[PDB]
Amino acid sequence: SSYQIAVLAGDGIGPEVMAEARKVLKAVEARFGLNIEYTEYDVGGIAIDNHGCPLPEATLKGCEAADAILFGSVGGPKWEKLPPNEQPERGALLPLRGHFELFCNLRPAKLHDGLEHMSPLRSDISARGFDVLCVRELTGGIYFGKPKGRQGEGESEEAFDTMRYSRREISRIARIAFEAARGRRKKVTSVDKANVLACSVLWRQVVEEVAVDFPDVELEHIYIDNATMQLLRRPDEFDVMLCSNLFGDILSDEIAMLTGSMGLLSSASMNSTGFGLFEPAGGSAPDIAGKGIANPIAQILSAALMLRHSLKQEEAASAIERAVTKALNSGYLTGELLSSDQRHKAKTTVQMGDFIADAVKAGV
């Protein structure tokens, strides 16, 4: 039958970049004969304005009826001063991930050929390139651990959060990292704080247990503070980084900025049945919203990750990825990927979606 997609564009540049993702999806649908139906639902700030909360019931129900969630971006200055639970990002993303048991977050990041110069690394380091996939555990640890809250009053008032992990939780995400490494350059770097946290001692121990199934894959451990330093000095030496929830949050953001190319980066957050939520790694960028400036590549590659991981349409997924490579090596760059002099050559959001869709059609 038809695949069914819940489309949650959100705030800021979400809707403009989502339009280009749908345009390129239309081209892949025609080329590969896929029957996909999409339904739109509010989420984040637009949900608070239209429904009074950032994750309305009808949106949640819409996502339960779908094969995957194609997600834009949430948040903006309008809602930033609401109580923390009522804000767009916390209010949408944490309950979506908990409800759908999206324990696996994949954040691929690489320096693209020809854009090594946009990286904030020293030129000799960025010239060496990098390609680092972060596999982050997304529904356990300190994010969802209990007890969480506060007690007391005044000076003695105290807050608490609890980080918890079981062997089962560590081994499921570790298996994903090792299998991904096997398909890459055969190295997992597991990131913990095993000199301080009991959860990191168990993490390190269980990763070593899972390693026995993968004697072809190199395993190393690195402390999270050290990892922030080593990714500056030798990012070319990492392949897959295997991280708990909070450490994956932190390290995947540093690796993303090290690319200098945030508008190219996508994320996949999956459960064990292969349902997932696919979104750009970057923000809502409300300052450039509605201008046709925004880079729609991250949203377009989020659609390719959705085709691969939720829809089992690998040919359609890679055809999108190649059309994006074609745009980047064929003079089709948005403003933020151009050196400040070459800027007159910037393409708009729709010029980029048109070129990438036409490339899919032309059989790239």
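Definition used throughout: the rigid core is the maximal C-alpha set that superposes within 1.5 Å between two forms. Don't overthink the numbering: it's just position in the shown sequence, from 1.
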Next item on the list: Would you mind working out which of 81-89 and 230-238 sits farther from this form in 6 other deposited structures of this protein by RMS C-alpha distance, with the rigid core as the fit?
Entry: 81-89
Next item on the list: Could you check the entry and say whether 146-154 or 195-203 has the higher mean CA B-factor?
Entry: 146-154
Margin query: Per the record, averaged over C-alpha atoms, which has the higher B-factor: 123-131 or 249-257?
Written below: 123-131
Checklist line | Residue selected from 105, 162, 273, 226 by maximal Cα B factor | finding: 273
Note to self: I'd like to know which of 216, 137, 236, 208 has the highest C-alpha temperature factor in the PDB entry.
What the structure shows: 216
Next item on the list: Check where residue 221 lands among this chain's C-alpha B-factors and tell me if it's the lowest, middle or highest third.
Entry: lowest
Next item on the list: Comparing against every modelled residue in the chain, figure out the third that the C-alpha B-factor of residue 85 lands in (lowest, middle or highest).
Entry: highest
Notebook entry, point to check: By the record's CA B-factor, is residue 354 among the lowest, middle or highest third of residues in the chain?
Noted result: middle
Check: Based on the entry's values, in what third of the chain does the Cα temperature factor of residue 141 lie: lowest, middle or highest?
Finding: lowest
Check: Lowest, middle or highest third: where is residue 242 by Cα B-factor in its chain?
Finding: lowest
